[PDB]
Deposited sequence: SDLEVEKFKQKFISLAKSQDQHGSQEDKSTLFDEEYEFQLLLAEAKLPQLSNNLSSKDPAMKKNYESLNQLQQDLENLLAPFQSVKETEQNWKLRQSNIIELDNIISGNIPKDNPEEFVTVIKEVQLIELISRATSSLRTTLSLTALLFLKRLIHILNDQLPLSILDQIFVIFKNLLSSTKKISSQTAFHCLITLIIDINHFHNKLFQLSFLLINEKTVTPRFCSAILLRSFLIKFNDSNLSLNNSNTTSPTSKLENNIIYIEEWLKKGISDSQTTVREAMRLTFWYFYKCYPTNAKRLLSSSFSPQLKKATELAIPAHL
């Protein structure tokens, strides 16, 4: 079997983050739906049309062409600059429009998943991660959920996405740092040598160790608690390295607290 039971672990991760006749005709329809997004300025006069048009775009990605021909569909959404234009709505101060756009991107990730080039996954990850720092609670929490779902949906290991996740540990507001402890856990679950077969992480252990040390000594109690639990996932993947952190790198304070955070199934 695999080191981790992904079916079980994913349900836990998600609980941390509660919520055409031709391709040319498709492209023309996309260009017409994106027209109200072409202006930088959201106005009283275009925000409802932007929201309504995202609903129609969501209907389009549920269609047969993205299911049957994701590769050429990806070429189309690149050419019409779908992600950049959708980012004008994720940045809206209007809650319903920003949330509608975030859920659209979540559904796009789900449906196209590993058919998306890294450049587009990177684009979407940055939109999500930056909203983790929103002072608006429903925004950061929705972005958190979308990021966890992204990691579950994307089955290829990308160093770029691991580094974007890692560097959240340096953000000043608590939520990205807390999210980062869950993201690290997700990477350990899915992409350790055992789970991946059914090395990606070996060369990233230096970052993992810094990531753990920072979170476990975080000023915020929720980040410390989350990172102490993630430490035991690291211990399950690389016990020699984790033991060295526990004895050769932690104070007796953080050591005892970390030892009391073992989950009952690991």
| item | value |
| --- | --- |
| Missing segments of the deposited chain sequence, listed N- to C-terminal | 1-28, 48-64, 244-252 |
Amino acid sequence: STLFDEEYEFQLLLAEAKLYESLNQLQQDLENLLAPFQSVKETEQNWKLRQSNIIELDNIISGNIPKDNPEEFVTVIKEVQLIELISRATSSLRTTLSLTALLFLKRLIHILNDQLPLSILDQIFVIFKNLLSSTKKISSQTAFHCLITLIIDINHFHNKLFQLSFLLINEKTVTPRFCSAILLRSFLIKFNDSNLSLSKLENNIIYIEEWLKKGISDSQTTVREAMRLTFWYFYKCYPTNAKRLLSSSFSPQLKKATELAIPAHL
From here on, numbers count along this sequence of modelled residues.
{"query": "Residue range whose averaged C-alpha B-factor is higher in the record, 180-188 or 152-160", "finding": "152-160"}
{"query": "166-174 or 91-99, whichever carries the higher mean Cα B-factor", "finding": "91-99"}
{"query": "Out of 215, 239, 70, 63, highest CA B-factor residue", "finding": "63"}
{"query": "Residue 109, C-alpha B-factor rank within chain (lowest, middle or highest third)", "finding": "lowest"}
{"query": "Record-listed C-alpha B factor of residue 146: chain third", "finding": "middle"}
{"query": "Entry-reported Cα temperature factor of residue 131, expressed as the chain third it lands in", "finding": "highest"}
{"query": "Within-chain third of residue 55 by Cα B-factor, per the entry", "finding": "middle"}
{"query": "Residue 230 by Cα B-factor - lowest, middle or highest third of the modelled chain", "finding": "lowest"}
